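**Student:** Same order as they appear, the protein sequences are chains A and B.
Counting from 7, one number per residue, gives the positions in the first sequence under the authors' numbering.
The second sequence runs 7 to 173, 180 to 240 under the authors' numbering.
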Amino acid sequence: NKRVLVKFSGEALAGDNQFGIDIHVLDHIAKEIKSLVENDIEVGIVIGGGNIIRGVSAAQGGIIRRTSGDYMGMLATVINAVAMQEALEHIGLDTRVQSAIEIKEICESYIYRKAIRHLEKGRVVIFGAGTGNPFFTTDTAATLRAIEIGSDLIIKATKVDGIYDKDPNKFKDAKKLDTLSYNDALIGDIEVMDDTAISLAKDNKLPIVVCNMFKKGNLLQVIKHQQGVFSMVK
Amino acid sequence: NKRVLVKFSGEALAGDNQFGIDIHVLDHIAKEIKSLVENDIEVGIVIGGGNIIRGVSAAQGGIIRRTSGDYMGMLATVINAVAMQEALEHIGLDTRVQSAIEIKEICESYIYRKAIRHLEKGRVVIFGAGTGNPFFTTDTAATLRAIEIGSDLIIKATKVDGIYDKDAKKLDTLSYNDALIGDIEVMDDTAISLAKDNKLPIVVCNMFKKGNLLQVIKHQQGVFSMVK
Ligand SMILES: O=c1ccn([C@@H]2O[C@H](COP(=O)(O)OP(=O)(O)O)[C@@H](O)[C@H]2O)c(=O)[nH]1
């Protein structure tokens, strides 16, 4: 019934180091997904590739074109998706990776009715390579998939409790914002997602939720009970 | 007329770090490749993925199946290949990436006859995804691609000048069996046997000394160790 899209930056998979994949961190995440699946919540997941490679970072040397740097990023998300698939299935869950870039040998291609059939049979669906367009941020791609599958909400999983007024690291006086309007997110200096993603979520009336997942049982509490610790853009 | 396969470990492209892609290193390699192309040497490149993911490391703990780890590693090689291509195209080299695993939108598949065709036209071919099979090594993949394209030799580009006994001497020439028997490792056993069976010489040399590669291929000089 309740269908959600959980979005992670690649860094979520890395832990204390900025690079790679921390196996312990991965298992932890998968167990938070498992609690959703056990409570009959349908879970789509998108993951960025920032733990492996970045668009404005590999291009700044002066020899990697903008599009090729993105294609490197897209391949990275597929690497992360396979890892996540494995962590999910290690703990007994059924999962499919639906990639926007065709790699038949490693995962299924994204097809609208296939992703839905999987979700309706209770499989976790991980969307690899966003939507295949290089120009889009992870946030935009996740919001797109979230609309495409008719999700009830999109969860942006971060390392921080929710949406704040200033960066919690750069300010002691940083105050968490519990509920925000789409426009409050657009005009204000504070950042949630990029402008395209927020505007996409606004027009299609998709609620955005920003929460920590380091907290055991929080995700379930957020999705099923509208409880736990989170921020909501509505 | 001379044809060559050059093998890089993923770790090689990471530079002064264990992880990632060093753009100064890729530039350096592109220049060396350029000197081969401009001297009419046909160049195939096989690139590793260890700077990003290795399947063995990935399977520790038993969360990721060894097989899925190896595919993750094979994808990482395509990422390196793509960055390698951009470094080459940047200095005006015509290149093609071919992957043992089909990634339709980003590069062409490995096709025996096309690879050769690209090389006849003076293009650099970068082979990603190794053999396309898990459980095999970059060394094996490189040796395979080398024999497939009809290489005059395979060059294992490493950080060291040649083959040594420790990380107290350097070893100039080696038999295939000497490489299969001894504690000194050049590549893994399956790559060496593949090379032996097909009479394919193996050069081990340093990637960082300028003009060296050109001298090994064109003149059989410069600094290097040889398994034959
Ligand atoms: O034919 C292949 C080629 C590579 N790989 C995987 O991808 C990585 C290759 O990159 P690496 O840099 O490690 O080669 P090496 O460093 O060992 O020379 C390996 O760890 C393997 O898990 C594979 O499974 N089959």
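The C-beta atom is built at its ideal place from N, Cα and C for all residues, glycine as well.
1) Following a CB-centred definition, is residue 201/B positioned closer than 7 Å to any heavy atom of ligand 1?
2) Could you tell me which chain B residues have their CB closer than 8 Å to the CB of residue 159/A, listed as they occur along the chain?
3) What are the residues of the region 58–87 of chain B that lie near chain A, defined by any Cβ-Cβ distance shorter than 8 Å?
4) So residue 229/B is in the alpha helix (DSSP H); what residue range does that whole segment cover?
5) Could you tell me the distance, in whole angstroms, from the CA atom of residue 71/A to the CA atom of residue 210/A?
6) Which bits of chain B does residue 122/A rub up against, with CB to CB less than 7 Å?
7) With residue 119/B as the anchor, note down where its alpha helix (DSSP H) starts and where it stops.
8) At a cut-off of 7 Å, is residue 171/B close to ligand 1 when judged by its beta-carbon and the heavy atoms of the ligand?
9) Under 8 Å: do the region 106–116 of chain A and the region 49–65 of chain A share three or more Cβ pairs, one atom per stretch?
10) Tell me whether residue 69/A is buried or exposed, calling it buried when 16 or more other Cβ atoms sit within 10 Å of its Cβ.
11) Nearest to residue 14/A by alpha carbon, out of 62/A, 31/A, 171/A?
12) Classify residue 160/B: buried if its beta carbon has 16 or more other beta carbons within 10 angstroms, exposed otherwise.
13) Determine the closest residue to residue 7/A out of 184/A, 49/A, 236/A, with distance taken between C-alpha atoms.
14) Is residue 218/B a contact residue of ligand 1, with contact defined as CB to any heavy atom under 7 Å?
15) Strictly below 8 Å CB to CB, what residues from chain A border residue 21/B?
16) Contact between the region 91–105 of chain A and the region 116–135 of chain A: three or more CB pairs below 8 Å?
17) Could you check whether the region 73–89 of chain B touches the region 84–94 of chain A, counting it as contact only if at least three pairs of C-beta atoms, one from each stretch, sit closer than 8 Å?
18) Tell me whether residue 157/A sits in a helix, a strand or coil according to DSSP, three-state version.
19) Mind listing the chain A neighbours of residue 89/B? Cutoff is C-beta to C-beta under 9 Å, in chain order.
20) I'd like the ranges of any alpha helix (DSSP H) spanning at least 4 consecutive residues and lying wholly in the region 25–57 of chain B.
21) Cα separation between residue 164/A and residue 46/B?
22) So, under 8 Å CB-CB, residue 117/A and residue 212/A are touching, yes? Tell me the CB distance rounded to an integer number of Å.
23) Between which residues of its own chain and residue 40/B is the CB-CB distance below 7 Å, once the five residues before and five after are set aside?
24) DSSP puts residue 113/A in a beta bridge; with which residues?
25) Which same chain residues, not among the five before or five after residue 170/B, have their C-beta less than 6 Å away from its C-beta?
26) At a cut-off of 7 Å, would you count residue 56/B as near ligand 1, judging by its Cβ distance to the nearest heavy atom?
27) Check whether chain A comes within 8 Å of residue 25/B, counting only Cβ atoms and requiring the distance to be less than that.
28) Is the distance from the Cβ of residue 319/A to the Cβ of residue 226/A below 8 Å?
**Tutor:** Once the coordinates are examined:
1) no
2) Result: empty, since nearest Cβ-Cβ is about 28 Å, beyond 8 Å.
3) 58, 59, 64, 66, 67, 68, 69, 70, 71, 74, 77, 78, 81, 82, 84, 85
4) 224–231
5) 33 Å
6) The contacting residues do not exist; residue 122/A stays about 23 Å from chain B at best.
7) 118–126
8) no
9) no
10) buried
11) 31/A
12) buried
13) 49/A
14) no
15) Within 8 Å Cβ-Cβ: nothing; residue 21/B doesn't reach chain A, min ~12 Å.
16) yes
17) yes
18) coil
19) 59, 64, 69, 70, 74, 75, 78
20) 29–43
21) 53 Å
22) Not a contact, Cβ separation roughly 22 Å.
23) 97, 99
24) Answer is none; residue 113/A lacks a bridge partner.
25) 182
26) yes
27) yes
28) In the structure displayed, chain A extends from 7 to 240; residue 319/A sits before or after that span and is not available.
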